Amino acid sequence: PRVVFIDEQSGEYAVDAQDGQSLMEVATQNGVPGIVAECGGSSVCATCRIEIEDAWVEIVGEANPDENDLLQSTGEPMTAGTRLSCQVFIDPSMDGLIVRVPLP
């Protein structure tokens, strides 16, 4: 599936993901700046945090409870589309997904 990453300082990365890859894996494997897997997908580091662009927020689904716990406690206020990219796994429904990378 096609996944787009908004670097709102520089433009949109378009990557071709495979099914079952986590969003964080598709970013770190395609050199998308701003996503780092410090804790390796354990919902501790919150460094992989991404923002689902509005149209896709219902598709992707709200954050899991562990995500919601972490994202409401570590740093920036979360919104409807805020997710840990390590918790979002690519699948056919997500072809064309647009996500924004919280950046500098």
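We number the residues from 1 along the sequence you see.
The PDB entry reports B-factors from which the mean C-alpha value can be compared for 8-16 and 88-96; the larger average falls on 8-16. For the pair 73-81 and 49-57, the mean B factor over Cα atoms is greater in 73-81. The PDB entry assigns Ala63 a C-alpha temperature factor belonging to the highest third of its chain's modelled residues. The entry lists a Cα temperature factor for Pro1 that places it in the lowest third of the chain's modelled residues.
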